[PDB]
Structures are given as structure tokens and as C-alpha cells.
>>> print(open('upload-v4.cif').read())   # mmCIF, C-alpha atoms and all ligand atoms
data_work
#
loop_
_atom_site.label_atom_id
_atom_site.label_comp_id
_atom_site.auth_asym_id
_atom_site.auth_seq_id
_atom_site.Cartn_x
_atom_site.Cartn_y
_atom_site.Cartn_z
CA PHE T 17 7.64 -2.72 -7.79
CA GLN T 18 9.86 -5.86 -7.79
CA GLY T 19 8.71 -6.91 -4.31
CA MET T 20 6.49 -9.08 -6.49
CA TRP T 21 5.81 -12.07 -4.24
CA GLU T 22 4.43 -9.61 -1.66
CA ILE T 23 0.81 -9.99 -2.63
CA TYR T 24 1.21 -13.80 -2.44
CA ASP T 25 3.06 -13.62 0.91
CA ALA T 26 0.29 -11.28 2.26
CA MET T 27 -2.39 -13.90 1.40
CA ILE T 28 -0.42 -16.85 2.77
CA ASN T 29 0.70 -15.16 5.98
CA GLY T 30 -2.88 -14.32 6.85
CA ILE T 31 -3.81 -18.01 7.22
CA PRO T 32 -3.76 -19.36 10.81
CA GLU T 33 -1.86 -22.62 11.24
CA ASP T 34 -4.80 -24.38 12.88
CA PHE T 35 -6.48 -24.79 9.47
CA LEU T 36 -5.79 -28.13 7.74
CA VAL T 37 -6.31 -29.51 4.25
CA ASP T 38 -9.16 -31.89 5.16
CA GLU T 39 -10.20 -32.78 1.60
CA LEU T 40 -8.71 -32.11 -1.83
CA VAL T 41 -9.81 -32.91 -5.39
CA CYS T 42 -8.03 -31.96 -8.61
CA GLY T 43 -10.52 -31.83 -11.50
CA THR T 44 -10.13 -30.94 -15.17
CA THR T 45 -11.20 -27.29 -14.76
CA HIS T 46 -10.74 -26.65 -11.03
CA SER T 47 -8.89 -27.80 -7.95
CA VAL T 48 -10.90 -27.75 -4.69
CA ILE T 49 -9.93 -27.89 -0.99
CA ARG T 50 -12.01 -28.14 2.19
CA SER T 51 -10.64 -27.00 5.54
CA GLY T 52 -13.36 -27.57 8.15
CA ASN T 53 -16.56 -25.87 6.91
CA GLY T 54 -14.71 -23.75 4.30
CA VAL T 55 -14.23 -24.58 0.63
CA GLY T 56 -11.85 -22.86 -1.79
CA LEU T 57 -11.40 -23.17 -5.55
CA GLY T 58 -8.58 -22.58 -8.03
CA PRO T 59 -8.73 -22.79 -11.88
CA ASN T 60 -6.95 -25.45 -14.04
CA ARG T 61 -6.50 -25.81 -17.82
CA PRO T 62 -7.30 -28.90 -19.95
CA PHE T 63 -3.75 -28.38 -21.32
CA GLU T 64 -1.87 -28.79 -17.98
CA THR T 65 -1.18 -32.35 -16.65
CA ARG T 66 -2.24 -33.88 -13.28
CA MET T 67 -0.19 -34.68 -10.19
CA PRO T 68 -1.88 -37.50 -8.24
CA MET T 69 1.06 -37.85 -5.82
CA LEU T 70 1.27 -34.21 -4.68
CA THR T 71 -2.49 -34.41 -4.05
CA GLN T 72 -2.20 -37.30 -1.61
CA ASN T 73 0.62 -35.61 0.39
CA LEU T 74 -1.18 -32.34 1.04
CA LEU T 75 -3.96 -34.07 2.96
CA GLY T 76 -3.46 -33.41 6.64
CA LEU T 77 -0.98 -30.56 6.21
CA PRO T 78 -1.63 -27.06 7.40
CA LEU T 79 -3.58 -25.07 4.93
CA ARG T 80 -0.90 -22.40 5.10
CA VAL T 81 1.79 -24.92 4.07
CA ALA T 82 -0.33 -26.13 1.12
CA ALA T 83 -0.97 -22.43 0.19
CA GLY T 84 2.78 -22.16 -0.54
CA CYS T 85 1.96 -24.17 -3.67
CA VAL T 86 0.34 -21.02 -5.13
CA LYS T 87 3.85 -19.83 -5.94
CA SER T 88 4.66 -22.88 -8.05
CA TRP T 89 5.63 -22.48 -11.72
CA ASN T 90 3.72 -25.69 -12.26
CA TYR T 91 0.23 -24.31 -12.81
CA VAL T 92 -1.71 -27.41 -11.60
CA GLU T 93 0.21 -27.16 -8.30
CA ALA T 94 -0.42 -23.39 -8.18
CA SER T 95 -4.15 -23.96 -8.65
CA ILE T 96 -4.11 -26.22 -5.53
CA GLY T 97 -2.28 -23.48 -3.62
CA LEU T 98 -5.01 -20.99 -4.53
CA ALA T 99 -7.71 -23.51 -3.53
CA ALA T 100 -5.99 -23.73 -0.10
CA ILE T 101 -5.87 -19.92 0.21
CA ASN T 102 -9.58 -19.73 -0.60
CA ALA T 103 -10.46 -22.48 1.91
CA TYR T 104 -9.45 -20.02 4.66
CA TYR T 105 -10.66 -16.63 3.29
CA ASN T 106 -13.85 -17.90 1.63
CA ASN T 107 -14.96 -19.89 4.66
CA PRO T 108 -18.42 -18.37 5.39
CA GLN T 109 -17.52 -17.54 9.03
CA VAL T 110 -14.05 -16.13 8.12
CA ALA T 111 -15.47 -14.04 5.31
CA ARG T 112 -18.14 -12.62 7.63
CA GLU T 113 -15.46 -11.67 10.19
CA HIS T 114 -13.58 -9.80 7.41
CA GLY T 115 -16.74 -7.82 6.41
CA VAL T 116 -18.19 -9.89 3.55
CA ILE T 117 -22.01 -9.88 3.42
CA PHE T 118 -24.19 -12.71 2.03
CA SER T 119 -27.28 -14.88 2.72
CA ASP T 120 -27.55 -18.48 3.98
CA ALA T 121 -29.86 -19.66 1.17
CA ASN T 129 -23.98 -9.51 -7.61
CA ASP T 130 -22.13 -9.85 -10.97
CA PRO T 131 -19.37 -7.19 -11.08
CA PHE T 132 -19.78 -6.44 -14.80
CA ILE T 133 -23.51 -5.80 -14.38
CA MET T 134 -22.93 -3.86 -11.16
CA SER T 135 -20.64 -1.39 -12.95
CA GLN T 136 -22.49 -0.76 -16.25
CA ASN T 137 -23.49 2.76 -15.25
CA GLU T 138 -20.04 3.60 -13.90
CA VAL T 139 -18.05 2.57 -16.98
CA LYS T 140 -20.31 4.23 -19.56
CA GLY T 141 -18.17 6.18 -22.04
CA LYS T 142 -14.95 5.09 -20.33
CA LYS T 143 -11.98 2.98 -21.32
CA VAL T 144 -12.24 -0.55 -19.92
CA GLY T 145 -9.69 -3.36 -19.95
CA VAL T 146 -10.61 -6.98 -19.11
CA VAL T 147 -8.04 -9.77 -18.68
CA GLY T 148 -9.54 -13.27 -19.00
CA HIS T 149 -12.34 -15.08 -20.67
CA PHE T 150 -15.79 -14.12 -19.30
CA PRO T 151 -18.84 -15.46 -21.15
CA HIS T 152 -21.04 -12.81 -22.90
CA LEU T 153 -18.96 -9.93 -21.66
CA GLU T 154 -18.79 -8.36 -25.11
CA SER T 155 -22.56 -8.17 -25.21
CA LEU T 156 -22.77 -6.50 -21.74
CA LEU T 157 -19.94 -4.01 -22.03
CA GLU T 158 -19.05 -3.31 -25.66
CA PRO T 159 -22.22 -1.25 -26.47
CA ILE T 160 -21.65 1.14 -23.50
CA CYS T 161 -17.87 1.58 -23.25
CA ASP T 162 -14.52 1.41 -25.02
CA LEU T 163 -13.78 -2.26 -24.23
CA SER T 164 -10.57 -4.24 -24.67
CA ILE T 165 -10.47 -7.98 -23.84
CA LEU T 166 -7.02 -9.57 -23.36
CA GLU T 167 -6.52 -13.35 -23.19
CA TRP T 168 -3.67 -15.92 -23.44
CA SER T 169 -5.42 -17.43 -26.41
CA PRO T 170 -7.57 -14.66 -27.82
CA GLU T 171 -10.89 -15.09 -29.64
CA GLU T 172 -11.46 -13.12 -32.78
CA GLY T 173 -12.12 -9.60 -31.42
CA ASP T 174 -9.61 -9.92 -28.57
CA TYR T 175 -5.99 -9.09 -27.81
CA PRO T 176 -3.20 -11.40 -26.77
CA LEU T 177 -1.82 -10.94 -23.31
CA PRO T 178 1.38 -8.99 -24.23
CA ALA T 179 -0.99 -6.16 -25.30
CA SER T 180 -1.53 -5.48 -21.57
CA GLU T 181 1.66 -3.40 -21.60
CA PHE T 182 0.13 -1.20 -24.30
CA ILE T 183 -3.53 -1.12 -23.26
CA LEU T 184 -3.94 -1.34 -19.49
CA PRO T 185 -2.13 1.95 -18.63
CA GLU T 186 -4.80 3.79 -20.71
CA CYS T 187 -7.74 2.16 -18.87
CA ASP T 188 -10.09 3.90 -16.45
CA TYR T 189 -11.42 0.56 -15.17
CA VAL T 190 -9.73 -2.85 -15.19
CA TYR T 191 -11.06 -6.34 -14.44
CA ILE T 192 -8.66 -9.25 -14.09
CA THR T 193 -9.42 -12.93 -13.89
CA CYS T 194 -8.36 -14.67 -10.67
CA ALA T 195 -6.48 -17.11 -13.01
CA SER T 196 -3.81 -14.38 -12.95
CA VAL T 197 -2.95 -15.39 -9.37
CA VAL T 198 -2.20 -18.89 -10.55
CA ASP T 199 -0.05 -17.97 -13.52
CA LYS T 200 1.77 -15.09 -11.72
CA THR T 201 0.78 -12.41 -14.26
CA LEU T 202 -1.13 -10.56 -11.55
CA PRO T 203 1.63 -8.38 -10.02
CA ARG T 204 2.63 -6.89 -13.40
CA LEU T 205 -1.01 -6.43 -14.39
CA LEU T 206 -1.60 -4.54 -11.15
CA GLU T 207 1.36 -2.22 -11.86
CA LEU T 208 0.17 -1.59 -15.41
CA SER T 209 -3.33 -0.77 -14.13
CA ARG T 210 -2.35 1.22 -11.02
CA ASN T 211 -3.81 4.52 -12.33
CA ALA T 212 -7.26 3.06 -13.18
CA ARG T 213 -10.08 4.49 -11.02
CA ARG T 214 -10.73 0.86 -10.07
CA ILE T 215 -9.18 -2.62 -10.48
CA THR T 216 -11.33 -5.70 -9.74
CA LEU T 217 -10.22 -9.36 -9.38
CA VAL T 218 -13.01 -11.62 -10.61
CA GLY T 219 -13.94 -15.26 -10.67
CA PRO T 220 -14.57 -18.27 -8.42
CA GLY T 221 -10.89 -18.43 -7.39
CA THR T 222 -10.82 -14.87 -6.04
CA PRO T 223 -9.81 -14.74 -2.36
CA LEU T 224 -12.14 -12.59 -0.29
CA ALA T 225 -9.11 -11.19 1.47
CA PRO T 226 -9.34 -7.46 2.32
CA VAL T 227 -5.53 -7.44 2.71
CA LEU T 228 -5.53 -7.38 -1.11
CA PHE T 229 -6.92 -3.79 -0.93
CA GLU T 230 -3.53 -2.85 0.54
CA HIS T 231 -1.86 -4.52 -2.47
CA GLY T 232 -3.18 -2.62 -5.48
CA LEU T 233 -6.76 -3.90 -5.83
CA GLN T 234 -9.99 -1.98 -5.07
CA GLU T 235 -12.59 -4.74 -5.53
CA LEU T 236 -12.84 -8.49 -5.22
CA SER T 237 -15.65 -10.35 -6.93
CA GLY T 238 -15.71 -14.01 -6.04
CA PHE T 239 -17.84 -16.88 -4.90
CA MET T 240 -19.09 -18.37 -1.61
CA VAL T 241 -19.67 -22.13 -1.66
CA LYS T 242 -22.92 -22.88 0.26
CA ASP T 243 -23.08 -26.60 -0.65
CA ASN T 244 -19.68 -28.14 0.22
CA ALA T 245 -20.56 -31.71 -0.77
CA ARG T 246 -22.01 -30.46 -4.06
CA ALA T 247 -19.05 -28.25 -4.95
CA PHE T 248 -16.86 -31.39 -4.81
CA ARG T 249 -19.29 -33.39 -6.94
CA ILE T 250 -19.09 -30.73 -9.63
CA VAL T 251 -15.27 -30.30 -9.54
CA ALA T 252 -14.80 -34.08 -9.69
CA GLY T 253 -16.91 -34.30 -12.88
CA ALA T 254 -19.69 -36.26 -11.12
CA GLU T 255 -22.08 -33.39 -11.99
CA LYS T 256 -21.96 -31.98 -15.53
CA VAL T 257 -22.79 -28.53 -14.12
CA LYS T 258 -21.13 -25.14 -13.60
CA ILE T 259 -19.64 -24.50 -10.14
CA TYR T 260 -22.04 -21.58 -9.58
CA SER T 261 -24.84 -24.05 -8.77
CA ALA T 262 -23.05 -24.83 -5.49
CA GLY T 263 -23.12 -21.26 -4.14
CA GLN T 264 -23.47 -17.51 -4.50
CA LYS T 265 -21.44 -14.69 -6.07
CA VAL T 266 -20.05 -12.14 -3.58
CA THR T 267 -18.26 -8.81 -4.05
CA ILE T 268 -16.24 -6.72 -1.57
CA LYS T 269 -15.05 -3.19 -2.26
CA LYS T 270 -12.19 -1.29 -0.64
CL CL A 301 -7.00 -15.83 -20.59
#
>>> encode(input="upload-v4.cif", output="C-alpha cells")
Amino acid sequence: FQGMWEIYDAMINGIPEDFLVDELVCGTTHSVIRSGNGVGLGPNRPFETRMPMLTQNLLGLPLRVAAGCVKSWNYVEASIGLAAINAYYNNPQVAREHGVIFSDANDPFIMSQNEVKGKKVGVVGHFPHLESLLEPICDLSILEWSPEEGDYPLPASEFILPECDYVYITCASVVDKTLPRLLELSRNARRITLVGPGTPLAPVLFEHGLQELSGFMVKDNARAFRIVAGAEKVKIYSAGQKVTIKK
């Protein structure tokens, strides 16, 4: 169990050296990296404080070196590390080579409404409207760092997730390093899904305690950067397409 960096090492060690950090922006809600034609994203908080000097240095470095930042206990740095990971795996050509299907022109909660009916479901993270989609059809528990009124604080994971038939976890858990314990707590679910724009589309994760990955393919590189930089007052989803791979 306490080979806990293993899932991080698996992601990093899959990146070929040839890939460089060609572009990097650290916005209020996401960090974003381009390596060639591929763009990856990682989530930030408005709490956490910027690091303009780290940002400058990573330009030019191997993507795999920058991905080492994912392990940082500084969460803005870790978000950059996840952006670098996702610049490799979520490159449209790389993703296609690893068996991800999508168009050059969906939602995991909607996809699994039938499957989770009458079952116990645990969700870690804040997902808009999720209560409306899932609460009427299943026994739903939502766990967050800073819970809204019907929701549980994160320490409740120890108590709740082992009882769950299905578990969904925000990709923010990669950044804050809660993911490995969450995976162990959920290991007897029928299925565990990692969800959000910062999810790596990395089938190696299916060997590391996950059965589904629900992320995001950027189709408009230039636009994705506009949004992350705050130059468009728009959600990141405008710049691409949701994509899901199952084990
Ligand atoms: Cl949260």
C-alpha cells in the first residue's frame, strides 16, 4: 500500500524525453502547458499563491523533468507538474495511439446513471449540478475539502468510501496527493473513475487502481491558453471535448 508515489512515478516514467515544455501559463484556476501539438491542464485554487520564477525556468526543459513538479507539496507547483503530464498523454496523436477515441471537430455521471441506480455512490470533489443528476437515483455521498451544506468533509472518506459500489474522484486529488489513499479506500468498488480536465488519459493508470478516466481533449490550443490566462471569461470546455476511457 505504502508504495504511494508509484502511481505518480508510473505517469512520469511514461513520458519520452523528446517532449519539451514549449509554452506554460499559470492562471487563477488552471495551469496549462503545451508540448508540440499537445496541451495539458492542471487545477489551481484562488487560495494558493503564484510562482512567476519557477514558471520561467521550466520553459525549454523536458516535459518529463517538469512533470516531477507533480510531486511537490506546493500545490501551485504540483498543478504545473500535472499540466506537463497531460501535455504528453492528452496530445491528440498520443491519446489515439493509447486507444482513446474522439472527433476532430461523454459526461461520466450521465453515462453511468443506469448503472448506479439503487447503489451506493461516493464522489470526491466539487462537480456542478451533480446532486440533481445523481441524488434522485442512488445513495449519494459528496466529499469535499470545503463542503457545501449537504456534503461531507474529506476525512469522511475513511468512513464512507469503503462502503461504496461506485466512486468518482476529482483529478485535483493528483495535485494534492490524496489520490493514493482514496484509491485504497475505494479498492472494492465495482468501479473507480478519475474525472475532470486535469485527468491524464494514461491507460497505465488502469494498472494502478483505477477503472475509468474521464477527461478532456483540447482541440483549440491557442484558445485554451486564452481562457486559462483570463483573456476569455469562459469555461475551459469551450476549447475542446470531453473524453472517457475504460479499463
Ligand atoms: Cl474538494
>>> residues_near_ligand(input="upload-v4.cif", ligand="ligand CL 301 (chain A)", cutoff="8 Å", atoms="all atoms listed in the file", output="NGL selection string")
:T and (147-149 or 166-170 or 177 or 193 or 195)
>>> atom_distance(input="upload-v4.cif", atom1="atom CA of residue T:171", atom2="atom CA of residue T:48")
28.0 Å
>>> closest_residue(input="upload-v4.cif", among="T:20, T:192, T:184, T:121", to="residue T:216", atoms="all atoms listed in the file")
T:192
>>> atom_distance(input="upload-v4.cif", atom1="atom CA of residue T:23", atom2="atom CA of residue T:116")
20.0 Å
>>> residues_around(input="upload-v4.cif", residues="residue T:86", least_positions_apart="6", cutoff="12 Å", atoms="all atoms listed in the file", output="VMD selection string")
chain T and resid 21 23 to 25 27 to 28 47 57 to 59 79 to 80 92 to 102 195 to 200 221
>>> residues_near_point(input="upload-v4.cif", point="(-12.1, -35.0, -12.2)", cutoff="8 Å", atoms="only C-alpha atoms", output="PyMOL selection string")
chain T and resi 41-44+251-254
>>> atom_distance(input="upload-v4.cif", atom1="atom CA of residue T:65", atom2="atom CA of residue T:40")
16.6 Å
>>> closest_residue(input="upload-v4.cif", among="T:146, T:179, T:205, T:26", to="residue T:229", atoms="only C-alpha atoms")
T:26
>>> closest_residue(input="upload-v4.cif", among="T:67, T:46, T:242, T:183", to="residue T:219", atoms="all atoms listed in the file")
T:46
>>> residues_near_point(input="upload-v4.cif", point="(-21.6, -15.0, -4.7)", cutoff="7 Å", atoms="only C-alpha atoms", output="ChimeraX atom specification")
/T:129,238-240,263-266
>>> closest_residue(input="upload-v4.cif", among="T:19, T:62, T:30, T:76", to="residue T:91", atoms="all atoms listed in the file")
T:62
>>> closest_residue(input="upload-v4.cif", among="T:202, T:212, T:49, T:165", to="residue T:185", atoms="all atoms listed in the file")
T:212
>>> closest_residue(input="upload-v4.cif", among="T:208, T:134, T:247, T:157", to="residue T:182", atoms="only C-alpha atoms")
T:208
>>> residues_around(input="upload-v4.cif", residues="residue T:245", least_positions_apart="4", cutoff="10 Å", atoms="only C-alpha atoms", output="list in words")
residues 50, 55, 241, 249, 250 and 262 of chain T
>>> residues_around(input="upload-v4.cif", residues="residue T:140", least_positions_apart="4", cutoff="8 Å", atoms="only C-alpha atoms", output="PyMOL selection string")
chain T and resi 136+160-161
>>> decode(input="upload-v4.cif", residues="stretch 81-114 of chain T", atoms="N, CA and C atoms", output="PDB file, in the first residue's frame")
ATOM      1  N   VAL T  81      10.891  16.175 -16.961  1.00  0.00           N
ATOM      2  CA  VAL T  81      11.549  16.846 -15.833  1.00  0.00           C
ATOM      3  C   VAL T  81      10.526  17.768 -15.119  1.00  0.00           C
ATOM      4  N   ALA T  82       9.847  18.604 -15.885  1.00  0.00           N
ATOM      5  CA  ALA T  82       8.759  19.430 -15.381  1.00  0.00           C
ATOM      6  C   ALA T  82       7.624  18.609 -14.685  1.00  0.00           C
ATOM      7  N   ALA T  83       7.341  17.397 -15.167  1.00  0.00           N
ATOM      8  CA  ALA T  83       6.327  16.522 -14.588  1.00  0.00           C
ATOM      9  C   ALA T  83       6.673  16.127 -13.151  1.00  0.00           C
ATOM     10  N   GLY T  84       7.965  16.046 -12.818  1.00  0.00           N
ATOM     11  CA  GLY T  84       8.423  15.864 -11.452  1.00  0.00           C
ATOM     12  C   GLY T  84       7.835  16.856 -10.452  1.00  0.00           C
ATOM     13  N   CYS T  85       7.436  18.023 -10.941  1.00  0.00           N
ATOM     14  CA  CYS T  85       6.750  19.014 -10.105  1.00  0.00           C
ATOM     15  C   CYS T  85       5.418  18.540  -9.541  1.00  0.00           C
ATOM     16  N   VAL T  86       4.792  17.544 -10.173  1.00  0.00           N
ATOM     17  CA  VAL T  86       3.517  16.988  -9.700  1.00  0.00           C
ATOM     18  C   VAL T  86       3.618  16.474  -8.261  1.00  0.00           C
ATOM     19  N   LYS T  87       4.822  16.098  -7.854  1.00  0.00           N
ATOM     20  CA  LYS T  87       5.042  15.567  -6.532  1.00  0.00           C
ATOM     21  C   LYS T  87       5.271  16.629  -5.471  1.00  0.00           C
ATOM     22  N   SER T  88       5.248  17.897  -5.873  1.00  0.00           N
ATOM     23  CA  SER T  88       5.524  18.986  -4.943  1.00  0.00           C
ATOM     24  C   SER T  88       4.435  19.151  -3.897  1.00  0.00           C
ATOM     25  N   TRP T  89       4.839  19.494  -2.673  1.00  0.00           N
ATOM     26  CA  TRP T  89       3.858  19.805  -1.611  1.00  0.00           C
ATOM     27  C   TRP T  89       3.398  21.244  -1.672  1.00  0.00           C
ATOM     28  N   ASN T  90       3.945  21.992  -2.628  1.00  0.00           N
ATOM     29  CA  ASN T  90       3.429  23.284  -3.031  1.00  0.00           C
ATOM     30  C   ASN T  90       2.445  23.004  -4.163  1.00  0.00           C
ATOM     31  N   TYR T  91       1.162  23.225  -3.901  1.00  0.00           N
ATOM     32  CA  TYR T  91       0.117  22.861  -4.834  1.00  0.00           C
ATOM     33  C   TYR T  91       0.069  23.653  -6.163  1.00  0.00           C
ATOM     34  N   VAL T  92       0.546  24.888  -6.203  1.00  0.00           N
ATOM     35  CA  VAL T  92       0.672  25.590  -7.499  1.00  0.00           C
ATOM     36  C   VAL T  92       1.744  24.913  -8.397  1.00  0.00           C
ATOM     37  N   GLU T  93       2.856  24.509  -7.799  1.00  0.00           N
ATOM     38  CA  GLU T  93       3.903  23.780  -8.487  1.00  0.00           C
ATOM     39  C   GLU T  93       3.381  22.417  -8.952  1.00  0.00           C
ATOM     40  N   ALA T  94       2.648  21.726  -8.085  1.00  0.00           N
ATOM     41  CA  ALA T  94       2.080  20.413  -8.422  1.00  0.00           C
ATOM     42  C   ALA T  94       1.107  20.507  -9.581  1.00  0.00           C
ATOM     43  N   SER T  95       0.351  21.594  -9.654  1.00  0.00           N
ATOM     44  CA  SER T  95      -0.606  21.792 -10.747  1.00  0.00           C
ATOM     45  C   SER T  95       0.122  21.915 -12.085  1.00  0.00           C
ATOM     46  N   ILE T  96       1.270  22.581 -12.092  1.00  0.00           N
ATOM     47  CA  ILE T  96       2.162  22.677 -13.274  1.00  0.00           C
ATOM     48  C   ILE T  96       2.702  21.314 -13.712  1.00  0.00           C
ATOM     49  N   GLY T  97       3.135  20.517 -12.740  1.00  0.00           N
ATOM     50  CA  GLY T  97       3.531  19.141 -12.952  1.00  0.00           C
ATOM     51  C   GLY T  97       2.452  18.312 -13.599  1.00  0.00           C
ATOM     52  N   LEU T  98       1.200  18.436 -13.148  1.00  0.00           N
ATOM     53  CA  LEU T  98       0.110  17.714 -13.798  1.00  0.00           C
ATOM     54  C   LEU T  98      -0.189  18.255 -15.207  1.00  0.00           C
ATOM     55  N   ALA T  99      -0.130  19.566 -15.404  1.00  0.00           N
ATOM     56  CA  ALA T  99      -0.219  20.122 -16.754  1.00  0.00           C
ATOM     57  C   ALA T  99       0.835  19.508 -17.726  1.00  0.00           C
ATOM     58  N   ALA T 100       2.068  19.330 -17.256  1.00  0.00           N
ATOM     59  CA  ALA T 100       3.127  18.727 -18.036  1.00  0.00           C
ATOM     60  C   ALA T 100       2.821  17.257 -18.342  1.00  0.00           C
ATOM     61  N   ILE T 101       2.379  16.504 -17.343  1.00  0.00           N
ATOM     62  CA  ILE T 101       1.932  15.126 -17.597  1.00  0.00           C
ATOM     63  C   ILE T 101       0.879  15.080 -18.705  1.00  0.00           C
ATOM     64  N   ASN T 102      -0.084  15.997 -18.638  1.00  0.00           N
ATOM     65  CA  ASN T 102      -1.237  15.938 -19.541  1.00  0.00           C
ATOM     66  C   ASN T 102      -0.886  16.448 -20.935  1.00  0.00           C
ATOM     67  N   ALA T 103       0.202  17.211 -21.044  1.00  0.00           N
ATOM     68  CA  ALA T 103       0.710  17.662 -22.350  1.00  0.00           C
ATOM     69  C   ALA T 103       1.209  16.473 -23.155  1.00  0.00           C
ATOM     70  N   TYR T 104       1.803  15.469 -22.510  1.00  0.00           N
ATOM     71  CA  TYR T 104       2.118  14.211 -23.228  1.00  0.00           C
ATOM     72  C   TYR T 104       0.827  13.389 -23.469  1.00  0.00           C
ATOM     73  N   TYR T 105       0.210  12.861 -22.407  1.00  0.00           N
ATOM     74  CA  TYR T 105      -0.863  11.855 -22.569  1.00  0.00           C
ATOM     75  C   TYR T 105      -2.109  12.326 -23.331  1.00  0.00           C
ATOM     76  N   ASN T 106      -2.401  13.621 -23.208  1.00  0.00           N
ATOM     77  CA  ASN T 106      -3.610  14.212 -23.789  1.00  0.00           C
ATOM     78  C   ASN T 106      -3.335  14.951 -25.085  1.00  0.00           C
ATOM     79  N   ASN T 107      -2.143  14.731 -25.638  1.00  0.00           N
ATOM     80  CA  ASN T 107      -1.808  15.092 -27.003  1.00  0.00           C
ATOM     81  C   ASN T 107      -2.750  14.255 -27.876  1.00  0.00           C
ATOM     82  N   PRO T 108      -3.422  14.841 -28.867  1.00  0.00           N
ATOM     83  CA  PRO T 108      -4.390  14.071 -29.668  1.00  0.00           C
ATOM     84  C   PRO T 108      -3.763  12.833 -30.345  1.00  0.00           C
ATOM     85  N   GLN T 109      -2.571  12.954 -30.923  1.00  0.00           N
ATOM     86  CA  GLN T 109      -1.895  11.794 -31.501  1.00  0.00           C
ATOM     87  C   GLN T 109      -1.463  10.743 -30.456  1.00  0.00           C
ATOM     88  N   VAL T 110      -1.005  11.172 -29.275  1.00  0.00           N
ATOM     89  CA  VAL T 110      -0.549  10.218 -28.255  1.00  0.00           C
ATOM     90  C   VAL T 110      -1.740   9.445 -27.715  1.00  0.00           C
ATOM     91  N   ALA T 111      -2.808  10.179 -27.443  1.00  0.00           N
ATOM     92  CA  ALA T 111      -4.034   9.625 -26.918  1.00  0.00           C
ATOM     93  C   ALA T 111      -4.587   8.569 -27.865  1.00  0.00           C
ATOM     94  N   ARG T 112      -4.644   8.899 -29.144  1.00  0.00           N
ATOM     95  CA  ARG T 112      -5.070   7.954 -30.180  1.00  0.00           C
ATOM     96  C   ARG T 112      -4.235   6.669 -30.214  1.00  0.00           C
ATOM     97  N   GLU T 113      -2.919   6.798 -30.060  1.00  0.00           N
ATOM     98  CA  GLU T 113      -2.015   5.644 -30.011  1.00  0.00           C
ATOM     99  C   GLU T 113      -2.267   4.757 -28.787  1.00  0.00           C
ATOM    100  N   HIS T 114      -2.732   5.363 -27.695  1.00  0.00           N
ATOM    101  CA  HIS T 114      -3.085   4.643 -26.461  1.00  0.00           C
ATOM    102  C   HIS T 114      -4.572   4.196 -26.398  1.00  0.00           C
TER     103      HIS T 114
END
